[PDB]
Undergrad: 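Before we start, here is the structure in question, set down as structure tokens.
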Amino acid sequence: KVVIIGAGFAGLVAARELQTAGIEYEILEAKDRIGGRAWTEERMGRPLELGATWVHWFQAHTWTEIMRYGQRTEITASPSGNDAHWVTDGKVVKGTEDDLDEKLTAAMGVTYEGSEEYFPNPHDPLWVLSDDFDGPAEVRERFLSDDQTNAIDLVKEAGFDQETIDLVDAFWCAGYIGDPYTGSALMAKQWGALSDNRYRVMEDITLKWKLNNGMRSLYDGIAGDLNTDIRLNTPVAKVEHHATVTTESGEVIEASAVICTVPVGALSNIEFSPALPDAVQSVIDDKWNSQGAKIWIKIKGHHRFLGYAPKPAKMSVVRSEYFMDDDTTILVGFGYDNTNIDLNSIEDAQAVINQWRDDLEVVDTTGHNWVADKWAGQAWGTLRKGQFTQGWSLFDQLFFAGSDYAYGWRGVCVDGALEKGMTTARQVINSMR
Ligand SMILES: Cc1cc2nc3c(=O)[nH]c(=O)nc-3n(C[C@H](O)[C@H](O)[C@H](O)COP(=O)(O)OP(=O)(O)OC[C@H]3O[C@@H](n4cnc5c(N)ncnc54)[C@H](O)[C@@H]3O)c2cc1C
Ligand SMILES: NCCc1ccc(O)c(O)c1
């Protein structure tokens with residue numbers, strides 16, 4: 001009676017929540033698998049996360065699922081103390097990881113600089129624009145101005161030198177999963193607000209703890225709780241919200257309400273009748289700022305490596321992640337432009353490593369191009385200029401659920417999908433009561 005489109009974390013958790021409340025549901029999943037943009041799979045000799053990877057106990061929704069499905073102790077920190085390399089003026093600079101972090105810490109201090117006035121409650125991101133806002137006019141003006149400013153311009157304008165600029169440029173190529181110069185700096189400021197405004201905490205939350213048993217231990221857990229079979233290989237083609245849903249084969253399914261978790265980068269596969277609001281339609285057409293890609297590279301030997309490179313490098317942040325039995329290292333990498341790298345080309349993977357070193361030898365590589373993926377069309381959702389205040393909040397019988405619309409760790413984190421999936425089901429629940 002309630003139709004959930006997509007079996008990623010938002011869809012699975014919404015179904016479990018409806019089930020709790022005794023409401024009939026059905027999940028229609030385009031792919032032949034569950035997990036969506038979280039995808040644990042054996043590649044290159046071990047389970048690797050092709051999408052979502054890191055977790056933290058300060059992420060409320062993720063951490064309760066970690067507790068629920070038995071992974072409390074089953075988390076491991078990514079290697080630290082790497083030999084660090086960063087490109088800053090056509091040149092490769094060699095340092096320690098702590099050397100890099102302290103440069104990034106001071107720049108982050110400036111980047112967060114008004115989060116305390118914007119986000120007293122870091123989970124009320126649009127409070128400044130609320131009728132309830134009790135602050136001065138000049139804070140609302142700085143807020144809107146920040147939505148139209150990118151995060152690197154904030155560091156440039158504070159007088160930092162070119163070294164620190166290319167470091168933040170590389171950082172946000174990875175963080176904004178695409179071109180950071182088109183991004184909204186209010187995203188970065190809210191990550192600060194959710195991280196006690198400390199670079200170190202922000203990295204502990206987003207870039208440290210991995211699930212020993214992968215994301216699949218969680219989404220297999222949620223799916224294992226459901227008493228209604230997920231209909232895989234059932235891509236949705238049309239949605240009528242007056243609700244009626246039409247699959248690609250032409251099957252028609254009737255429903256009291258529709259919870260659509262299809263990411264924006266993939267909504268163009270579905271026709272809506274009536275059409276979507278013009279405001280929301282312009283977001284879909286502009287979509288999100290996530291055009292980048294994530295790679296897994298394997299090299300010869302055991303090397304503790306960290307590398308940073310600004311736009312337009314193939315990869316902006318690359319880091320050792322696993323030391324393997326056969327004297328190899330698996331590194332992870334994040335880059336701003338999915339179309340500048342073939343994630344499964346040993347030669348393109350070598351050119352990534354060649355950004356910093358001419359003595360490290362790639363022997364394998366792999367990745368999934370989420371942006372080119374029909375059912376995704378993006379990496380993790382990040383914000384263009386103007387999308388903090390006129391973007392993710394515009395998607396509020398038809399409900400949109402997904403990390404990209406979350407109040408808290410929006411887009412970038414499974415925490416956001418688990419948040420928004422659950423609260424969107426509550427909207428359904430509340431209105432049926
Ligand atoms: C490279 C990468 C790395 C990430 N790393 C992390 C990390 O370390 N930590 C973290 O917390 N988060 C991370 N994330 C983010 C996390 O994966 C997402 O925020 C979360 O999985 C989004 O869940 P969702 O349910 O909102 O969307 P999705 O996972 O995209 O779920 C949508 C589902 O709908 C399906 N679908 C699409 N179109 C249709 C259609 N027409 N009909 C039917 N079904 C359809 C899709 O197949 C998919 O199963 C990462 C994301 C990426 C891309
Ligand atoms: N994949 C985790 C998302 C992410 C990307 C870049 C960062 O700089 C960061 O702190 C977190």
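In this chain, residues are counted from 1 in sequence order. The figures here come from the full heavy-atom set of this structure, side chains too, leaving out hydrogens, waters and symmetry mates.
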Undergrad: Is there a donor-acceptor pair closer than 3.5 Å between any side-chain N or O of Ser130 and the backbone N or O of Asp132?
TA: yes

Undergrad: Would the distance check show the side chain of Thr261 and the main-chain N or O of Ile5 forming a donor-acceptor pair, the cut-off being under 3.5 Å?
TA: yes

Undergrad: Could you tell me whether the side chain of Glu419 and the main chain of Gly408 form a donor-acceptor pair under 3.5 Å?
TA: yes

Undergrad: Considering non-hydrogen atoms only, spot the tightest contact between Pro274 and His242 and give its length.
TA: CD-ND1, 4.1 Å

Undergrad: Between the main-chain N or O of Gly11 and the side-chain N or O of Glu29, is there a donor-acceptor pair closer than 3.5 Å?
TA: no

Undergrad: About how many Å separate NE2 of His123 and CZ of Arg410, when rounded to the nearest 0.5 Å?
TA: 10.5 Å

Undergrad: Working to the nearest 0.5 angstrom, can you tell me the gap between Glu26 CD and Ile253 CD1?
TA: 5.0 Å

Undergrad: Do you know the tightest heavy-atom contact between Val317 and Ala170?
TA: CG2-O, 3.9 Å

Undergrad: Decide if atom OH of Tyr69 counts as having more than 12 heavy atoms of other residues, nucleotides or ligands within a radius under 6.0 Å.
TA: yes

Undergrad: Closer than 4.0 angstrom, basic N to acidic O: yes or no for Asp404 and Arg37?
TA: yes

Undergrad: Is a donor on one side and an acceptor on the other found under 3.5 Å between the side chain of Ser316 and the backbone of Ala309?
TA: yes

Undergrad: State whether a side-chain donor-acceptor pair under 3.5 Å links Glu321 with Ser78.
TA: yes

Undergrad: Which heavy atom in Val318 sits nearest to a heavy atom in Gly333, and how many Å separate them?
TA: CG2-CA, 3.8 Å

Undergrad: Given 3.5 Å as the limit, does a donor-acceptor pair link the side chain of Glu248 with the main chain of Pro235, or not?
TA: no

Undergrad: Begin from the C-alpha positions of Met202 and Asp196 and carry the test side chain to side chain contact (heavy atoms under 4.5 Å, CB included) through to its verdict.
TA: CA-CA 8 Å; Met202 197 183 70; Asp196 198 40; over 6 Å; no

Undergrad: Hey, is the main chain of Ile259 close enough, under 3.5 Å, to the side chain of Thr424 for a donor-acceptor pair?
TA: no

Undergrad: Taking only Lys NZ, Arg NE, NH1 and NH2, and the carboxylate oxygens of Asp or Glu, determine whether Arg426 and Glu17 approach each other closer than 4.0 Å.
TA: yes

Undergrad: Students often mix this up, so state it plainly: with edges at 30° and 60°, are the rings of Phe395 and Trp288 parallel, tilted or perpendicular?
TA: tilted

Undergrad: Check whether more than 12 heavy atoms from other residues, nucleotides or ligands sit under 6.0 Å from atom CD of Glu42, and answer yes or no.
TA: yes

Undergrad: Does the separation of the ring centres of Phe305 and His85 fall below 6.0 angstrom?
TA: yes

Undergrad: Minimum heavy-atom separation for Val264 and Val283, please, with both atom names.
TA: CG1-O, 4.2 Å

Undergrad: Would you verify whether the NZ or CZ of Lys294 falls within 45 degrees of the ring axis of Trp54 while also being under 6.0 Å from that six-membered ring's centre?
TA: yes

Undergrad: Decide if atom CG of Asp229 counts as having more than 12 heavy atoms of other residues, nucleotides or ligands within a radius under 6.0 Å.
TA: no

Undergrad: Determine, for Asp286 against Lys385, whether the closest basic-nitrogen to carboxylate-oxygen distance falls under 4.0 angstrom.
TA: no

Undergrad: For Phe272, does the six-membered ring have the charged nitrogen or CZ of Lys238 within the cation-pi criterion, i.e. under 6.0 angstrom from the centroid and within 45° of the normal?
TA: no

Undergrad: Count the heavy atoms belonging to other residues, nucleotides or ligands that lie under 6.0 Å from CG of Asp285, then report whether that count exceeds 12.
TA: yes

Undergrad: Any salt bridge between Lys314 and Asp348, counting N to O under 4.0 Å?
TA: no

Undergrad: Is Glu65 salt-bridged to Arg16, going by a charged N under 4.0 Å from an acidic O?
TA: yes

Undergrad: Taking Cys413's backbone N and O only, do any of them form a donor-acceptor pair with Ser403's side chain (distance below 3.5 Å, no angle check)?
TA: yes

Undergrad: If every non-hydrogen atom of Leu276 is compared with every non-hydrogen atom of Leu398, which pair is closest and at what distance?
TA: CD2-CD2, 4.1 Å

Undergrad: Is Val236 close to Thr246 at the side-chain level, that is, under 4.5 Å between some pair of heavy atoms?
TA: no

Undergrad: Given side chains that start at C-beta, do those of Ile34 and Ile230 come closer than 4.5 Å, heavy atoms only?
TA: yes

Undergrad: So is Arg46 actually on top of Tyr322's ring, under 6.0 Å and inside 45° of the axis?
TA: yes

Undergrad: Look at the aromatic rings of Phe334 and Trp380 and report parallel, tilted or perpendicular, splitting at 30° and 60°.
TA: perpendicular

Undergrad: Looking only at the side chains, is there a donor atom on one of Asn369 and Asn338 sitting less than 3.5 Å from an acceptor on the other?
TA: yes

Undergrad: Is a side-chain donor or acceptor of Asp364 paired with a backbone partner of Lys298 at a separation under 3.5 angstrom?
TA: no

Undergrad: Is the positively charged end of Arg198 above the ring of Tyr112, judged by distance under 6.0 angstrom from the centroid and angle within 45° of the axis?
TA: no

Undergrad: Taking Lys287 for the side chain and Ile284 for the main chain, is one N or O donor matched with an acceptor at less than 3.5 Å?
TA: yes

Undergrad: When you look at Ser184 and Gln387, which way does the side-chain hydrogen bond (donor to acceptor under 3.5 Å, both in side chains) test go after all the steps?
TA: CA-CA 7 Å; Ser184 166; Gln387 300 188 312; over 6 Å; no

Undergrad: Looking only at side chains, do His368 and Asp373 share a donor and an acceptor under 3.5 Å apart?
TA: yes

Undergrad: Tell me yes or no: between the side chains of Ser273 and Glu240, is some donor less than 3.5 Å from an acceptor?
TA: no

Undergrad: So that I can tick it off, tell me whether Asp146 and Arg142 are bridged by a salt bridge, with the cut-off set at under 4.0 angstrom between side-chain N and carboxylate O.
TA: no

Undergrad: When you compare the side chain of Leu126 with that of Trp392, does any pair of heavy atoms fall below 4.5 Å?
TA: yes

Undergrad: Establish, from distance only, whether the side-chain atoms of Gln19 and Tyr25 form a donor-acceptor pair under 3.5 Å.
TA: yes

Undergrad: Please identify which of these residues, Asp153, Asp169, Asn150, meets the side-chain hydrogen bond (donor to acceptor under 3.5 Å, both in side chains) condition with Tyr181.
TA: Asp169

Undergrad: Rounded to the nearest 0.5 Å, what separates atom CD in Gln427 from atom CG in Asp396?
TA: 5.5 Å

Undergrad: Is the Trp86 to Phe171 ring centre distance short of 6.0 Å?
TA: no

Undergrad: Kindly determine whether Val128 and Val139 satisfy side chain to side chain contact (heavy atoms under 4.5 Å, CB included), including the steps that lead there.
TA: CA-CA 8 Å; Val128 162; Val139 168; 4.3 Å; yes

Undergrad: Can the ring centres of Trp191 and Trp172 be said to be less than 6.0 Å apart?
TA: yes

Undergrad: Roughly how far, to the nearest 0.5 Å, is NZ of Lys189 from OG1 of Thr149?
TA: 8.5 Å

Undergrad: Going by an N to O cut-off under 4.0 Å, is there a salt bridge joining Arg140 and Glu138?
TA: no

Undergrad: Could you tell me whether the side chains of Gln378 and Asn289 share a donor-acceptor contact shorter than 3.5 Å?
TA: no

Undergrad: As an exercise, state the distance from CD1 of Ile222 to CG of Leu418, rounded to the nearest 0.5 Å.
TA: 5.5 Å

Undergrad: Specify the closest pair of heavy atoms between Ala379 and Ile177, including all atoms of both residues, with the distance to one decimal.
TA: CB-CG1, 3.2 Å

Undergrad: Report yes or no: do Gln71 and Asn212 form a side-chain donor-acceptor pair below 3.5 Å?
TA: no

Undergrad: How about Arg68: does its CZ atom have over 12 heavy atoms from other parts shown lying under 6.0 Å from it?
TA: yes

Undergrad: Between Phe119 and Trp127 (judged by ring centroids, cut-off 6.0 Å), do the two rings come close enough to count as a pair?
TA: no

Undergrad: CG/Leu331 to CE/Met315 distance, rounded to the nearest 0.5 angstrom?
TA: 12.0 Å

Undergrad: Is there a side chain to side chain contact (heavy atoms under 4.5 Å, CB included) between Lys156 and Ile165 once you walk through the steps?
TA: CA-CA 7 Å; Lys156 273 165 153 174; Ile165 286 172; 3.6 Å; yes

